[PDB]
Amino acid sequence: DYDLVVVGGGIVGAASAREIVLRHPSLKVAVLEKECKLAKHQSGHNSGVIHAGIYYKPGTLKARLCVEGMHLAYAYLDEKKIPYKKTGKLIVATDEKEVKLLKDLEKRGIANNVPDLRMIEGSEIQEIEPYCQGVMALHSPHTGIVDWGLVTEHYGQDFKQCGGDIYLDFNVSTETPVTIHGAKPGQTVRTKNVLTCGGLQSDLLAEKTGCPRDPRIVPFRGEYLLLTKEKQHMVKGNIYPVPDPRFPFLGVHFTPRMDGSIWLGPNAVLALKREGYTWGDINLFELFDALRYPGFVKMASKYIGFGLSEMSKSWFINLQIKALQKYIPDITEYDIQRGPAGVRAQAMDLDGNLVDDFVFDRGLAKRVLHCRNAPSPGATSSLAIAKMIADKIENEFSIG
Amino acid sequence: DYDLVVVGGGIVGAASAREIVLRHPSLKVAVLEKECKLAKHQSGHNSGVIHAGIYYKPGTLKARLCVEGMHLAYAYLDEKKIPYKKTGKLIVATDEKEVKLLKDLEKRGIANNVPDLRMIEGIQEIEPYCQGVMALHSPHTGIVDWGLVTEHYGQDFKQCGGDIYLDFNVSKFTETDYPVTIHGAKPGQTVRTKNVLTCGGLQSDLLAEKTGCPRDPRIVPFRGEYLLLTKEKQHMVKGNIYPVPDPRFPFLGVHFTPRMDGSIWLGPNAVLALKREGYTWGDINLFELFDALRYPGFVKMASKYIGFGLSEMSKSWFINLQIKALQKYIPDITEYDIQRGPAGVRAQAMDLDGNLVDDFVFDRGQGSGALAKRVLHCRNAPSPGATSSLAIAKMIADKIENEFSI
Amino acid sequence: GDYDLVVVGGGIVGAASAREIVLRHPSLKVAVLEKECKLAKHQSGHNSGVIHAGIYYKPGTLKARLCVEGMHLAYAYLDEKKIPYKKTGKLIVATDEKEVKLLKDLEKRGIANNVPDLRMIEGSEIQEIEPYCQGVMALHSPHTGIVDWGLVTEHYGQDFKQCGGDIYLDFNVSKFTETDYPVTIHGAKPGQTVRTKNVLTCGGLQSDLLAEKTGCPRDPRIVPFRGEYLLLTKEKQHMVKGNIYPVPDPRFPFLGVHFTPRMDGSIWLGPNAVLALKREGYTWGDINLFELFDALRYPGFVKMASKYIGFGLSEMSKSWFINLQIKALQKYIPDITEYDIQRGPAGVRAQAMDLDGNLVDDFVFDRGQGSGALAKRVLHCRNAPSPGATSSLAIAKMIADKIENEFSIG
Amino acid sequence: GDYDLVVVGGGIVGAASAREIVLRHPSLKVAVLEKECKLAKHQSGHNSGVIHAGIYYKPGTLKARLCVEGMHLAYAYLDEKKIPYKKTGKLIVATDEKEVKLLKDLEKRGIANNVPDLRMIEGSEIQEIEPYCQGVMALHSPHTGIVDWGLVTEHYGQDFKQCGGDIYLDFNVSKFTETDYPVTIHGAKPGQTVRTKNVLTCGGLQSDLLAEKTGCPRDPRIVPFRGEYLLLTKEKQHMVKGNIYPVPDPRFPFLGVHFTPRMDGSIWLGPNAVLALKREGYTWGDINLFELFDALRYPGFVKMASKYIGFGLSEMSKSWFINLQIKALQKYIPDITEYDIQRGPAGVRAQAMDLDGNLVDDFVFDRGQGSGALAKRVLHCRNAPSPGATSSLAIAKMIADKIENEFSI
Ligand SMILES: Cc1cc2nc3c(=O)[nH]c(=O)nc-3n(C[C@H](O)[C@H](O)[C@H](O)COP(=O)(O)OP(=O)(O)OC[C@H]3O[C@@H](n4cnc5c(N)ncnc54)[C@H](O)[C@@H]3O)c2cc1C
Ligand SMILES: Cc1cc2nc3c(=O)[nH]c(=O)nc-3n(C[C@H](O)[C@H](O)[C@H](O)COP(=O)(O)OP(=O)(O)OC[C@H]3O[C@@H](n4cnc5c(N)ncnc54)[C@H](O)[C@@H]3O)c2cc1C
Ligand SMILES: Cc1cc2nc3c(=O)[nH]c(=O)nc-3n(C[C@H](O)[C@H](O)[C@H](O)COP(=O)(O)OP(=O)(O)OC[C@H]3O[C@@H](n4cnc5c(N)ncnc54)[C@H](O)[C@@H]3O)c2cc1C
Ligand SMILES: Cc1cc2nc3c(=O)[nH]c(=O)nc-3n(C[C@H](O)[C@H](O)[C@H](O)COP(=O)(O)OP(=O)(O)OC[C@H]3O[C@@H](n4cnc5c(N)ncnc54)[C@H](O)[C@@H]3O)c2cc1C
Ligand SMILES: CCCCCCCCCCCCO[C@@H]1O[C@H](CO)[C@@H](O[C@H]2O[C@H](CO)[C@@H](O)[C@H](O)[C@H]2O)[C@H](O)[C@H]1O
Ligand SMILES: CCCCCCCCCCCCO[C@@H]1O[C@H](CO)[C@@H](O[C@H]2O[C@H](CO)[C@@H](O)[C@H](O)[C@H]2O)[C@H](O)[C@H]1O
Ligand SMILES: CCCCCCCCCCCCO[C@@H]1O[C@H](CO)[C@@H](O[C@H]2O[C@H](CO)[C@@H](O)[C@H](O)[C@H]2O)[C@H](O)[C@H]1O
Ligand SMILES: CCCCCCCCCCCCO[C@@H]1O[C@H](CO)[C@@H](O[C@H]2O[C@H](CO)[C@@H](O)[C@H](O)[C@H]2O)[C@H](O)[C@H]1O
Ligand SMILES: O=C(O)CCC(=O)C(=O)O
Ligand SMILES: O=C(O)CCC(=O)C(=O)O
Ligand SMILES: O=C(O)CCC(=O)C(=O)O
Ligand SMILES: O=C(O)CCC(=O)C(=O)O
């Protein structure tokens with residue numbers, strides 16, 4: 001029926017499908033998404049921050065797309081007149097031990113070409129955020145916030161305007177040259193090749209492939225806390241902490257929203273379910289397969305204490321606010337409301353390392369391909385990652 | 001925006017909305033559904049059998065709606081030309097004890113006048129691969145895609161001017177000629193209307209508490225797992241083969257029915273689900289788990305029928321036990337001929353005394369406010385809601401006309 | 001250097017085994033190690049205390065011969081040592097026609113095993129023996145009785161000590177090491193040491209765990225089956241005069257929840273067959289996670305659960321809600337209710353299971369592989385045929401015969 | 001009728017209290033009821049075996065005065081009875097500058113508590129006492145010794161029996177009833193009974209459960225904390241000559257995992273502070289649903305967990321994966337790897353907790369609320385100040401003073 005299929009209606013699957021039709025406006029392309037609308041998971045439950053690229057090492061690949069995709073974003077945001085707001089980000093350090101890591105963030109940032117990286121300290125901290133403390137802080141006024149779920153549906157609007165079709169409520173679940181079946185009998189779409197970009201199910205899409213199970217996706221939920229509208233003037237822009245460089249998580253941070261709300265998060269607690277957006281939502285066969293994975297216990301043998309304290313502050317938010325008072329001490333417990341959350345698609349190898357790079361796997365064979373992982377931030381680098389994915393398309397599939 | 005809104009895109013929520021607009025084309029009616037499509041839960045995960053009424057006591061409203069629903073169904077299926085197959089229904093009895101419970105069903109079935117029962121003894125001509133000692137021949141029974149006819153209910157509802165709101169998860173009722181306002185999960189998605197009706201099925205109790213209705217009764221999920229008979233032995237079952245069920249429970253037991261595509265599926269069973277929408281065994285929700293266990297009526301029913309609940313659970317853990325039970329009817333089926341298939345969840349209502357509620361349950365908030373008196377909740381409907389959909393719709397329409405003055 | 005033979009186990013099996021071996025060989029220096037404070041602290045001290053006559057067992061096997069011979073040896077032992085006992089009758093009652101056909105099989109097995117002296121009593125003559133019990137047909141056995149089997153174990157140790165034997169209490173055997181006496185036994189306490197030539201273990205609930213400390217395989221495995229009891233209050237103690245047993249399923253060694261009087265006049269209801277979540281799990285709450293991750297990971301557990309999990313869940317369900325247990329007992333005594341019962345103490349069965357899932361009921365002797373010192377000289381009795389209390393003296397003669405053959409004792 | 005006063009509890013506190021009450025009153029028929037088979041089979045028999053000098057305790061308090069006097073009273077008792085002991089000397093190391101400020105606060109407290117020959121040393125002088133141990137600064141208490149408190153507990157019992165006292169072993173107290181001897185104590189066995197006039201219970205892990213039998217409130221409830229130890233191999237035992245303690249968090253009574261030699265020459269690593277899912281839960285898998293459901297339904301449990309859940313989870317994490325435990329130990333002696341240790345025995349702490357969630361470290365005497373014979377003649381010592389073993393002789397004299405005023409003896 002078609003010539004190319006992109007399984008997954010996320011910001012990665014939409015930007016990759018939008019990029020490949022502007023390349024060649026000749027192929028009949030389709031997008032398969034199991035939910036009603038696009039950006040219903042990771043790209044719909046993110047912090048909304050347009051990252052600049054500070055934590056990443058110079059000369060890396062992750063820092064290449066992050067600085068590029070951020071520039072490609074602001075270009076696409078003005079092209080489509082997408083509402084955005086350049087708020088700026090202050091990476092505040094409390095102890096001197098965080099300052100030593102904060103200077104490593106500045107040294108790694110000057111080489112990634114981040115616009116207007118300034119290291120402030122002292123009374124110059126409150127001139128940008130008047131309610132935040134700290135000893136030293138790193139300023140990046142080029143960072144902004146935007147509705148990434150709104151940019152994702154704008155990617156599909158462009159994709160649909162170029163002869164593309166977005167098959168929604170299509171939950172994939174066969175050579176006829178390939179035919180993709182679904183949950184409803186009779187729901188089948190035939191095409192030449194297929195590219196799968198599932199979020200927390202990219203590992204399960206490998207089984208249809210014939211790919212090896214690894215790297216398995218480990219769900220890490222990121223809970224957000226809503227600050228009451230009474231005292232939201234206390235947060236003007238992004239207020240990030242200095243995280244542990246051993247983990248890709250950046251820590252619970254103060255970030256404004258487009259509607260004026262101030263969400264505090266996200267955290268990094270292990271989810272008992274792939275799509276486990278709530279604590280009580282537990283799937284037995286989805287964690288027994290996650291805990292029997294050889295790479296989990298390896299990482300658990302070294303980082304269990306860091307995961308337990310994330311869940312301890314999640315069970316008792318009085319401990320969470322106590323840590324947040326290091327930055328804004330004028331925040332009480334009666335000002336906090338438990339809001340929604342998102343779950344990360346954390347890839348992991350059998351050695352216990354959270355996968356950092358691109359992961360493309362193929363078994364059906366050769367005709368399929370699974371972007372099982374992409375460098376983060378996937379939302380900021382979306383258009384940049386969409387190019388690198390599109391350049392892996394014409395090679396294996398022989399396109400154009 | 002509208003004058004009446006039916007919360008729930010199930011088969012009884014779409015049939016009630018279809019009936020209320022055909023009776024009153026002067027009314028702007030809307031339908032709010034949280035899923036993407038209509039009939040996504042109970043109406044889309046059922047055995048598909050067009051029941052005729054046998055297990056139901058004569059003179060009961062439950063027995064009257066099923067005999068009225070089956071004639072309205074075949075008439076509606078012929079009106080829209082929806083594919084259906086009228087298969088036989090043999091209620092086979094094995095032991096002599098099942099016979100004493102069975103000849104009650106015949107006299108109970110003929111009393112409600114179902115055309116046309118025939119007591120058989122000595123079954124290889126309606127079902128050659130089946131066994132037993134005595135059964136009932138119900139040729140008027142049939143299979144159907146209840147999920148497909150539910151979309152036809154919504155198609156008729158949209159043809160007459162009604163709007164179907166999909167991906168609309170009712171989260172909050174508020175006060176605003178349209179006093180009540182319904183809120184969705186997405187910010188900004190709101191609908192103002194005059195009066196509200198909720199047919200949330202599995203969330204009928206949860207939706208009722210948002211208006212002011214008590215926790216009584218509560219919806220207790222009972223999963224109905226199905227086993228798919230392999231393609232090499234689909235010829236062993238021609239029509240529906242039902243067992244002789246225990247009258248103390250509304251469940252009809254694991255039975256043999258073909259689907260519209262010719263596939264023979266074995267089920268469903270009756271097992272407590274640890275989640276309202278727990279279609280799989282691993283998927284459990286703690287707050288919904290403890291909501292069912294902390295209910296006063298749960299421990300009361302468990303104090304008298306836990307052996308039967310653990311009976312179905314043990315047969316679900318080890319399917320070889322389920323095979324030994326199904327071999328009483330067709331002994332030519334082994335563990336190598338079945339596979340794990342899909343399932344459905346029953347929206348079983350339970351009172352504070354542990355009794356599974358069966359009759360109609362309409363409830364509204366206490367007082368004379370806006371959210372009260374204007375929002376009526378249908379917390380339960382007599383089974384089978386799929387077959388009796390058109391008959392229940394006429395019953396619900398009369399309740400809406402009486403409660404909301406139309 | 002200490003003893004010639006050491007018996008690890010203070011129960012009725014190990015005590016009778018040590019008593020029998022010293023009576024046959026007065027020159028032997030034999031010792032007994034018990035991990036608890038006193039003899040008969042577990043199975044032998046938490047039982048129904050009924051002296052079985054040997055009805056349920058098939059004719060021709062050894063268990064049928066051991067129970068009847070052990071019962072005769074018991075009454076002569078109780079009369080010799082002046083031990084109190086009441087020869088209360090046993091009445092196996094059937095309530096429906098299905099249990100009648102199976103009770104007829106119990107009559108043929110009882111008359112072939114020569115149990116004195118059964119009679120098939122009709123439903124009209126049931127109250128002539130039990131004026132409150134109902135039923136359609138029953139099987140009477142007037143020569144069974146009740147006795148404090150825990151007290152009989154103390155008498156076995158008293159005879160063992162009066163022949164020169166030593167009983168080491170509070171001695172928890174933990175490891176065997178090589179040393180005239182090349183076997184050294186170590187306790188849990190530092191310095192607890194006993195040198196011996198040959199060891200015989202009757203660990204009961206830990207028979208499999210003791211065997212693995214020598215070189216024996218994990219099979220057979222000891223699966224704990226707790227037997228809970230109920231206390232019928234005094235206000236209705238007169239409704240039961242003797243023993244009222246139900247007609248059990250022949251597929252299981254469990255005899256079912258029965259009415260049994262005690263030596264103090266009490267009436268106990270039980271025991272049931274509840275899977276204990278602990279080797280010594282006498283209560284419903286005490287769980288040992290490691291004893292679960294090994295009892296379920298055993299290849300034979302799921303094989304038995306695949307066929308009889310509904311039977312075990314039935315016993316657990318009637319324990320969670322005793323109103324279901326009351327209705328079952330009302331088939332026999334229909335005028336007791338939930339206000340007349342109290343939860344009492346329980347016992348845990350040392351149920352031996354093979355790799356195929358079948359509950360073993362024969363003699364299982366095991367020793368380490370090879371020709372080492374820990375092997376050959378340490379023989380483990382993994383299982384003894386039930387009832388261990390009634391067949392105690394009979395099993396003791398056969399264990400002593402096995403010890404003489406295995407250890408070359410003059 | 002039988003005795004004048006009985007002492008429920010075979011531990012070192014119950015034995016020393018019964019020993020003290022009969023030395024001051026030789027005409028008092030006193031008995032001791034112990035549910036186990038031997039004396040000191042729980043806390044008094046599964047401890048670190050250290051004779052504390054009195055460092056971490058606040059000066060001027062009762063807890064600081066009992067340990068200092070009890071240490072001198074014990075050393076005099078051991079020399080009198082010729083009980084073997086070794087003075088190894090404690091050494092508290094600070095690894096970073098954050099712990100050195102806490103270490104100096106321990107110095108000031110130790111000086112005020114009159115700890116003999118306490119000196120503060122640092123990097124150059126620590127290898128002079130412990131060559132294999134690293135660190136920034138150290139607090140050297142050379143008079144801290146080790147002893148077998150289980151052997152000392154039995155020496156208390158033989159002294160209690162020399163003066164006419166009776167020790168009832170395998171006596172599981174299960175029920176108190178009314179009858180010159182008005183109160184009757186019931187055992188777990190039938191007919192196992194004893195009568196007396198007054199009762200003093202030192203149940204340790206069952207301090208509260210014994211008090212509930214005579215009408216006392218549920219508070220304070222005993223919360224079980226397991227103290228796990230690790231056995232260092234005999235090869236590397238020469239690398240630890242004396243006691244090596246870390247700088248503990250002053251917010252908790254726990255002293256942390258420490259290096260400690262024993263009488264037989266073994267070097268044990270511990271104890272830790274993991275929450276036991278069973279009151280007598282000496283192993284990881286030993287749980288009890290009844291003893292746990294009531295442990296969670298206690299109002300103070302959620303409060304204490306609401307503020308210190310991470311400290312307890314970190315201890316459990318270092319016990320689940322011992323590679324994290326040896327890493328924390330390599331901050332002191334880095335030559336010890338995972339191949340040098342193996343899981344050993346453990347002990348359970350009878351930690352008392354109030355309704356607000358604070359770990360009570362003071363005396364808690366309780367009696368029945370009514371005015372009957374049970375509610376006025378059974379005094380329950382629901383908690384004793386830490387440490388119980390070192391302060392054994394000092395606590396016994398004040399417990400004897402309490403029962404002398406409570407019962408007018
Ligand atoms: C908590 C959180 C906060 C974040 N904050 C930021 C931030 O501030 N800035 C930033 O730049 N990035 C941020 N990110 C990163 C960014 O949001 C994600 O990395 C990005 O959305 C990844 O795109 P994706 O399409 O792979 O994920 P997804 O959005 O999950 O896309 C996958 C899609 O595949 C579909 N799918 C899955 N399985 C199937 C199937 N079987 N059949 C059909 N469809 C299927 C799903 O419905 C889904 O829509 C954040 C991520 C998280 C988790
Ligand atoms: C296993 C099984 C087999 C069956 N087999 C048969 C058979 O053979 N024959 C027969 O006649 N009957 C059968 N039935 C009965 C029949 O399927 C049901 O009784 C009937 O579908 C119930 O109608 P309903 O509209 O409540 O269903 P549902 O589809 O469950 O209606 C509930 C609807 O409300 C929606 N909703 C819930 N909460 C909200 C909210 N907050 N906002 C918006 N929408 C919401 C849900 O998404 C759902 O679409 C079977 C039932 C089961 C469980
Ligand atoms: C609930 C129940 C009811 C019963 N009712 C009856 C009845 O009515 N009539 C009848 O005839 N029979 C009855 N029996 C059977 C009888 O009670 C037992 O079969 C018999 O007691 C088994 O003897 P034993 O010594 O092997 O058991 P146990 O007494 O359990 O023997 C094990 C002993 O070894 C010790 N031990 C274990 N490991 C070690 C170690 N490492 N070191 C040292 N010591 C150790 C234990 O402390 C214990 O003392 C009943 C059994 C049960 C469980
Ligand atoms: C791991 C650990 C390490 C320690 N290390 C040290 C150290 O280095 N130095 C130091 O000075 N202190 C130390 N201590 C403290 C000291 O060991 C204890 O505080 C001390 O044993 C308390 O005395 P006790 O009698 O209450 O103890 P316990 O021995 O626990 O006293 C309770 C006694 O009462 C009995 N009992 C309970 N209920 C009943 C009943 N119903 N009927 C009859 N008897 C009953 C018990 O069997 C037990 O014998 C340590 C404690 C622990 C847990
Ligand atoms: C395998 C079983 C589960 C183990 C899982 C391992 C996951 C590891 C998660 C790493 C933690 C998440 O990321 C972690 O976030 C915390 C909390 O914001 C940051 O913490 C930092 O910022 C917070 C503010 O939020 C300050 O209060 C805090 O003092 C400071 O340390 C850490 O610097 C960062 O490392
Ligand atoms: C844990 C708490 C559980 C709460 C308990 C409430 C749930 C109780 C469920 C009982 C109802 C299940 O429904 C029950 O299905 C079984 C199995 O199909 C039927 O059983 C019948 O058919 C089966 C085959 O299908 C035959 O093997 C069987 O001999 C016959 O009785 C029963 O007649 C019916 O009563
Ligand atoms: C590891 C797998 C799970 C455990 C495996 C199964 C172990 C348990 C086997 C069944 C338990 C023992 O089974 C025992 O005998 C039968 C059932 O067989 C019952 O026997 C009797 O029960 C009651 C009387 O008390 C009567 O109403 C009943 O008709 C009759 O059968 C006993 O009450 C029961 O105690
Ligand atoms: C009821 C649920 C709530 C959980 C209950 C809370 C329990 C609190 C337990 C406190 C922790 C135990 O006590 C704690 O031991 C650790 C580890 O030895 C000590 O830690 C110290 O010593 C260790 C090694 O011994 C060093 O590696 C470490 O850097 C240093 O801080 C802490 O200083 C002490 O505070
Ligand atoms: O898990 C993370 O910290 C990465 C998500 C992110 O980019 C953010 O929230 O700012
Ligand atoms: O057994 C039930 O619960 C009713 C479902 C039904 O109607 C059927 O499967 O035929
Ligand atoms: O029923 C059992 O499991 C055997 C126990 C026994 O011998 C009895 O209670 O009589
Ligand atoms: O719990 C503790 O750490 C205190 C017990 C003690 O004195 C020790 O182990 O040194």
# chains A, B, ... in the order shown; residues from 1 in each chain; ligands from 1
$ residues_near_ligand --ligand "ligand 8" --cutoff "8 Å" --atoms "only C-alpha atoms and all ligand atoms" --output "PyMOL selection string"
chain D and resi 95+99+245-258+270-275+301-302+304-315+325+327-329+331
$ write_last_selection --atoms "C-alpha atoms" --output "tab-separated table (two decimals), in the first residue's frame"
chain	number	residue	atom	x	y	z
D	95	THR	CA	37.65	10.36	57.10
D	99	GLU	CA	33.39	14.24	60.30
D	245	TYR	CA	34.82	2.94	65.25
D	246	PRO	CA	33.45	5.44	62.72
D	247	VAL	CA	32.07	8.88	63.52
D	248	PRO	CA	28.32	8.20	63.88
D	249	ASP	CA	25.41	10.50	63.21
D	250	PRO	CA	24.53	12.02	66.63
D	251	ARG	CA	20.81	11.94	65.71
D	252	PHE	CA	20.71	8.15	66.20
D	253	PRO	CA	21.82	5.93	69.11
D	254	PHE	CA	23.54	3.60	66.63
D	255	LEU	CA	27.35	3.65	66.59
D	256	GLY	CA	27.72	2.31	63.04
D	257	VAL	CA	29.59	-0.62	61.54
D	258	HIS	CA	32.94	-0.86	63.34
D	270	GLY	CA	29.47	-4.47	62.46
D	271	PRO	CA	26.89	-4.17	63.65
D	272	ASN	CA	24.61	-2.33	61.21
D	273	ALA	CA	21.06	-0.99	61.71
D	274	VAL	CA	18.53	-2.74	59.46
D	275	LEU	CA	14.83	-2.88	60.28
D	301	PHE	CA	6.48	4.21	62.96
D	302	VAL	CA	5.20	6.40	60.11
D	304	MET	CA	10.02	8.13	62.33
D	305	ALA	CA	10.02	6.83	58.75
D	306	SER	CA	8.80	10.20	57.44
D	307	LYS	CA	12.13	11.76	58.49
D	308	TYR	CA	14.73	8.94	58.43
D	309	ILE	CA	13.59	6.49	55.75
D	310	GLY	CA	16.70	7.07	53.63
D	311	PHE	CA	19.10	6.24	56.46
D	312	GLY	CA	17.35	2.92	56.97
D	313	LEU	CA	17.20	2.14	53.25
D	314	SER	CA	20.91	2.89	52.86
D	315	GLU	CA	21.65	0.36	55.61
D	325	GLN	CA	29.62	-2.36	52.54
D	327	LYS	CA	33.66	0.03	49.98
D	328	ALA	CA	32.61	1.99	53.06
D	329	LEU	CA	35.03	-0.16	55.07
D	331	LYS	CA	37.61	4.16	53.68
$ residues_near_ligand --ligand "ligand 2" --cutoff "6 Å" --atoms "only C-alpha atoms and all ligand atoms" --output "PyMOL selection string"
chain B and resi 7-13+32-35+38-43+46-51+168-170+199-203+224+268+344-346+383-387
$ interface_residues --of "chain C" --to "chain B" --cutoff "9 Å" --atoms "only C-alpha atoms" --output "VMD selection string"
chain C and resid 305 to 307 309 to 310 313 to 314 317 to 318 320 to 324
$ select_by_dssp --residues "range 45-244 of chain B" --states "strand (DSSP E or B)" --output "PyMOL selection string"
chain B and resi 49-50+84-85+89-91+93+118-120+134-137+142-144+163-165+172-175+180-183+190-193+195-198+218-229+240-242
$ interface_residues --of "chain C" --to "chain D" --cutoff "7 Å" --atoms "only C-alpha atoms" --output "PDB file with C-alpha atoms, in the first residue's frame"
ATOM      1  CA  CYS C  37      15.193 -27.855  75.402  1.00  0.00           C
ATOM      2  CA  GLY C 285       2.071 -15.142  59.893  1.00  0.00           C
ATOM      3  CA  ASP C 286       5.573 -16.519  60.426  1.00  0.00           C
ATOM      4  CA  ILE C 287       7.210 -16.669  56.981  1.00  0.00           C
ATOM      5  CA  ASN C 288      10.787 -17.509  55.970  1.00  0.00           C
ATOM      6  CA  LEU C 289      11.591 -16.028  52.562  1.00  0.00           C
ATOM      7  CA  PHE C 290      14.524 -18.372  51.929  1.00  0.00           C
TER       8      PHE C 290
END
$ residues_around --residues "residue 18 in chain C" --least-positions-apart "5" --cutoff "8 Å" --atoms "only C-alpha atoms" --output "PyMOL selection string"
chain C and resi 7+30-32+160+396
$ write_last_selection --atoms "N, CA, C and O atoms" --output "PDB file, in the first residue's frame"
ATOM      1  N   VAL C   7      22.768 -40.238  67.804  1.00  0.00           N
ATOM      2  CA  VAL C   7      21.461 -40.072  67.179  1.00  0.00           C
ATOM      3  C   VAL C   7      21.088 -38.597  67.246  1.00  0.00           C
ATOM      4  O   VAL C   7      20.950 -38.032  68.338  1.00  0.00           O
ATOM      5  N   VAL C  30      26.132 -44.809  73.243  1.00  0.00           N
ATOM      6  CA  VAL C  30      25.286 -44.083  72.304  1.00  0.00           C
ATOM      7  C   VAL C  30      24.844 -42.773  72.942  1.00  0.00           C
ATOM      8  O   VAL C  30      24.534 -42.727  74.139  1.00  0.00           O
ATOM      9  N   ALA C  31      24.813 -41.711  72.140  1.00  0.00           N
ATOM     10  CA  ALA C  31      24.369 -40.399  72.584  1.00  0.00           C
ATOM     11  C   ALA C  31      23.214 -39.917  71.715  1.00  0.00           C
ATOM     12  O   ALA C  31      22.953 -40.451  70.633  1.00  0.00           O
ATOM     13  N   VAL C  32      22.520 -38.891  72.205  1.00  0.00           N
ATOM     14  CA  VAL C  32      21.389 -38.290  71.509  1.00  0.00           C
ATOM     15  C   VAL C  32      21.544 -36.777  71.555  1.00  0.00           C
ATOM     16  O   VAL C  32      21.750 -36.202  72.630  1.00  0.00           O
ATOM     17  N   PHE C 160      16.367 -44.838  77.664  1.00  0.00           N
ATOM     18  CA  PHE C 160      17.660 -44.684  77.006  1.00  0.00           C
ATOM     19  C   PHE C 160      18.729 -44.220  77.988  1.00  0.00           C
ATOM     20  O   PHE C 160      19.880 -44.666  77.916  1.00  0.00           O
ATOM     21  N   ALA C 396      11.397 -48.240  65.225  1.00  0.00           N
ATOM     22  CA  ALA C 396      12.665 -48.302  65.945  1.00  0.00           C
ATOM     23  C   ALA C 396      13.372 -49.631  65.714  1.00  0.00           C
ATOM     24  O   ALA C 396      14.604 -49.676  65.613  1.00  0.00           O
TER      25      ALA C 396
END
$ residues_around --residues "residue 341 in chain D" --least-positions-apart "4" --cutoff "9 Å" --atoms "only C-alpha atoms" --output "PDB file with C-alpha atoms, in the first residue's frame"
ATOM      1  CA  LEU D 230      30.745  -9.939  58.978  1.00  0.00           C
ATOM      2  CA  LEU D 231      33.470 -12.478  59.770  1.00  0.00           C
ATOM      3  CA  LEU D 232      36.933 -11.408  58.630  1.00  0.00           C
ATOM      4  CA  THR D 233      39.159 -14.281  57.537  1.00  0.00           C
ATOM      5  CA  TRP D 268      33.950  -8.949  63.208  1.00  0.00           C
ATOM      6  CA  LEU D 269      32.627  -6.073  61.096  1.00  0.00           C
ATOM      7  CA  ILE D 326      33.292  -3.200  51.961  1.00  0.00           C
ATOM      8  CA  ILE D 336      39.972  -5.742  53.008  1.00  0.00           C
ATOM      9  CA  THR D 337      38.093  -6.938  49.915  1.00  0.00           C
TER      10      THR D 337
END
$ residues_around --residues "range 366-371 of chain B" --least-positions-apart "6" --cutoff "10 Å" --atoms "only C-alpha atoms" --output "list in words"
residues 173, 174, 175, 176, 178, 179, 180, 181, 194, 195, 196, 210, 211, 212, 213 and 214 of chain B
